[PDB]
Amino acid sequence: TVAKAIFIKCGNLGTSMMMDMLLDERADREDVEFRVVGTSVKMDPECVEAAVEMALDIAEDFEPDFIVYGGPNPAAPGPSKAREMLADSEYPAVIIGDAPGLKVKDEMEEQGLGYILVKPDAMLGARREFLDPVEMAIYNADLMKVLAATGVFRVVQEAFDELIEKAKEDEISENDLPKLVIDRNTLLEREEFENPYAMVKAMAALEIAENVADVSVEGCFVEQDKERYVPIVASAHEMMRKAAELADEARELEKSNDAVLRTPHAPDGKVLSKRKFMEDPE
């Protein structure tokens, strides 16, 4: 009873922003307790070491059943330092990352770490001439809408909820750690949408979101002429804004059919389900 976990956040990913809250949406679950720590947007090896140190430090008394590290590119220097420290700890760990994480997928399975790699969680257009705090927040709002309305966050919610159950049985083995890669095609194996065109619009939203990453990468790391890289990173943000609109359109189709899936948590932690607006969740 009452599973515990520590979430570590370094750098920012739409999924890492929301991961812990997706598990206790109304703060009324009594089978879980969480702690969240991090160094904000900084994700260099020095800053990531400090963050895992905090986590490992509080774990001593908190005693988490599992620890989660979430942020961009698990293949980078900083995140790699975190996988190192978590794999060689006494707590099972899961790494939440984006597409670049695929580079170290096998390496993570070798380290005995779990993972949830979200391909559509795309890097933003991080050039100083374009990305100020407001633009970053706008992009994150659009990405958050895409990940939520397409149902990607439900896949994540379900992974952590199943792990939370395995954890209560005090039996968390490596074979229990999730090993997920989420993308457009993930929706084909789900029953998220009652309307077929809502699922197809959600798929198109996820494909565009995944494609945003290549554009941001080109503008931030490849293109060196500012007359070209500023328009390039901005075009990636215009793409995400349309992906958010497709996701919104999909959700509205479910509303027209009074079939919006909702899977809220009960106080005991069980995931309920409902489709009709006035239907009690069971």
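Start at 1 and count along the sequence shown; that's the residue number. If you superpose the two forms and keep the largest set of C-alpha atoms that fall within 1.5 Å, you have the rigid core.
The stretch that moves more in 6 other deposited structures of this protein, judged by CA deviation after a rigid core superposition and choosing between 166-174 and 141-149, is 166-174. Here 109-117 and 196-204 are compared by their mean Cα B-factor, and 109-117 comes out higher. Mean CA B-factor, 16-24 versus 254-262: the higher value falls on 16-24. The entry lists C-alpha B-factors for 233, 48, 246, 239, and the highest of these is at 48.
Taking the deposited Cα B-factors for 128, 145, 154, 83, the highest one is held by 83. In the deposited entry, the Cα temperature factor of residue 186 sits in the middle third of values across the chain's modelled residues. When the modelled residues of the chain are ordered by their C-alpha B factor, residue 69 lands in the middle third. Ranked by Cα temperature factor within the chain, residue 158 sits in the middle third according to the deposited record. The PDB entry assigns residue 178 a C-alpha temperature factor belonging to the highest third of its chain's modelled residues. When all modelled residues of the chain are sorted by CA temperature factor, residue 137 is found within the lowest third.
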